[PDB]
Each structure stands twice: as C-alpha cells, then as structure tokens.
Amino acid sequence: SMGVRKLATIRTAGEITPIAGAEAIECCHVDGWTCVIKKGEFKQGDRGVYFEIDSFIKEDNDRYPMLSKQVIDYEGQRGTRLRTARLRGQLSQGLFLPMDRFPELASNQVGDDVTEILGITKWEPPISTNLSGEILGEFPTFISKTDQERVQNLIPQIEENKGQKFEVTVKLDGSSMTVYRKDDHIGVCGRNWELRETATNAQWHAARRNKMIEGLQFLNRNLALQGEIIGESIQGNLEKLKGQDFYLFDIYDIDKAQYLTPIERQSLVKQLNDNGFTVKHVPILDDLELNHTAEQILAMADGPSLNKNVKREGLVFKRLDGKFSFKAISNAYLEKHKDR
C-alpha cells in the first residue's frame, strides 16, 4: 500500500518511438507509461513534468492550451480530467510537458513531487449512495488505509523484486471497507471515515450480514479486516451481484502496525470459516514468481473477474512477506469504462 498520490512528478523521457502514419506526434515512454507527445518535444533523457491519469488540471490556456477543449466543471472549479486515450492507435496516458514550461521548478531534481506547487488535484468517480453515512470519527490513525501504488510507477522496484513470490488477487470495483477491533471498541469504516450504524448504511449491513464483528470478538485480537464492498448500486455493479457483500483482501495487525502475510491471512480466514463466520475473500489466483517487466505485468491484468463472464478491473500483487504490494489496472477496462 502507499503514501500521497504524486500526481505530478519530474520524470525522464525513456524510449521515443514513432507512431506509424502520424508524422506530427510520437510515443514517449515515461517509466511504465506511454504518453503521446508532439514530434521533437522531447528526446530520450529529457526531464519533464508528468501528470498522471486522474489528475485534474485547472483551466489555464497559457500553460495548458492542449487541455482547452476538455474543460469541465468539477467540484466547483473549471479544469480537465486526464484519462486514458488511444491516439492513431497508440495508448496514451498522462501529460508530459518539458521543464522549460515551469520556470518555478528551476531548482528541482528528477523525482520530485510537484503536485502541490502546481495545484494539481485528484479526480474520482462519484461515490455510491449508502456508502456515505453518518460519521463517527476519523479513519483510525492506528490502521493503514488501503491505497496501492501502480506498477507503471515501480519500474526499479519490480526489477529489485525479481524472484520474490506474490499473492495475486482479482481487483474488485467497489468501495474500501474496514471493520476493526481495538480493545473495547469495534468499528466499521469506509474509505476515509469511521461510520455510525444506521438501518441504511451499506458497510454496517455487510458487516452484520457476514458476522465479521462476531468473528473479531471470537479472535479476541486487535485486527482490522480490510476488503471491498461490491454489488448492487456500487460503482455500476460490474459483478452483477444481487445485494451487496464484503470481500476481504487484507488484515492489519493493529498492535504490530503491520499487515498479516498472505499465508497468515489465509489461516485466519480458514479459522473464521471453521467457527461459522463466513467472510468472503477476493478471488485468489496462482501465486506469481516475479520475473517480469511492467508491460508483462500489465498484460496479465485483463481477464475474468469474480463473475467469470465479466472483464476485471485488474489485479493486486501482494508479496508473501506482506510488506510490498502494487496494483496493475487493466487498460482494456479503462478503455471500456470511460468513467474510470
């Protein structure tokens, strides 16, 4: 899992490759991403500011004239959402602009996060109805949130983890949910807040339904069960479920401030099942021994979801020690689902 989303960072041009039939543009590789650029705007090795997909860029026709026709209103401001595109057949994701367009970054170094100085914020799809409830309090500071870094941003890490084994799970398109025990308190959280129980709150309903609160009372340990709530009325319901349900993907050990490993998590899920508490888990694929490029990893992401008749969002890879994870989102999914 991870820190702040570095939406805009100083990165380096990698290989530049022609786009057949399109002499005014070319393909720039930037880490594990491919970005269409104007012909000659970069050469291999040049630095630039790379803005990832899901960046929302406030309207400014001087700095960002290439975005001018894509301006929308979003959370009260005018600007452009960057999203996946496919131009002269070339997949294109993000925006890469030369350093000389940013005189205020004259003193910066390759790798720097420039999101805040450039005023970039994150676009997200709208939240689903009964997933915001009354707030009890902050997302607990003693539990990690569930964000995962992208494979495209991890090129040296993927190389450094050659030979290491990963649990591979299907990435479900829902909302992150955490149900935890800390001493005398059991709480249910969404992605960012701890929620109050009401008749209408979806997370609480899913936690009562699968007896996972009872399961935590049984284990008698300070643990956060983290998973995806999916189903009807949640993010278009890709799985075509009836009703909603929680699918575990991680367990956080609150007292040790660490995740359980995949084998430790499997064992505890088995113990819960063995004692009548059936908490469902995200689909687990074959463990992978890593010996792969980012491209090769991305090529794995499309495939069957929980519902084997639909094409999945992607995959999450969790190293067997529980200390290194990342996501590989299916670019076919991003192409199909323009609201993603």
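We number the residues from 1 along the sequence you see.
Undergrad: May I ask you to compare 83-91 and 218-226 by their mean CA B factor in the entry and name the higher one?
TA: Averaged over C-alpha atoms, the B-factors run higher in 83-91.
Undergrad: Going by the average Cα B-factor in the PDB entry, point out whether 104-112 or 227-235 comes out higher.
TA: Between 104-112 and 227-235, it is 104-112.
Undergrad: Which has the highest CA B-factor per the PDB entry: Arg150, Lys162, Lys145, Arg181?
TA: Spelled out: the listed residue with the top C-alpha B-factor is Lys162.
Undergrad: Tell me, please, which of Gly76, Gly190, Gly187, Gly174 has the highest C-alpha B factor according to the deposited entry?
TA: It is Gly76.
Undergrad: Ranked by Cα temperature factor within the chain, is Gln203 in the lowest third, the middle third or the highest third?
TA: Bottom third by C-alpha B-factor.
Undergrad: Is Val71 in the lowest, middle or highest third of its chain when residues are ranked by C-alpha B-factor?
TA: It falls in the top third of the chain.
Undergrad: Would the CA B-factor of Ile16 place it in the lowest, middle or highest third of its chain?
TA: Tercile = middle for this residue's CA B-factor.
Undergrad: Ranking the modelled residues of this chain by C-alpha B-factor as given in the entry, is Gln258 in the lowest, middle or highest third?
TA: It belongs to the middle third of the chain when residues are ordered by C-alpha B-factor.
Undergrad: Among the modelled residues of its chain, does the C-alpha B-factor of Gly48 lie in the lowest, middle or highest third?
TA: For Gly48, the deposited C-alpha B-factor lands in the lowest third.
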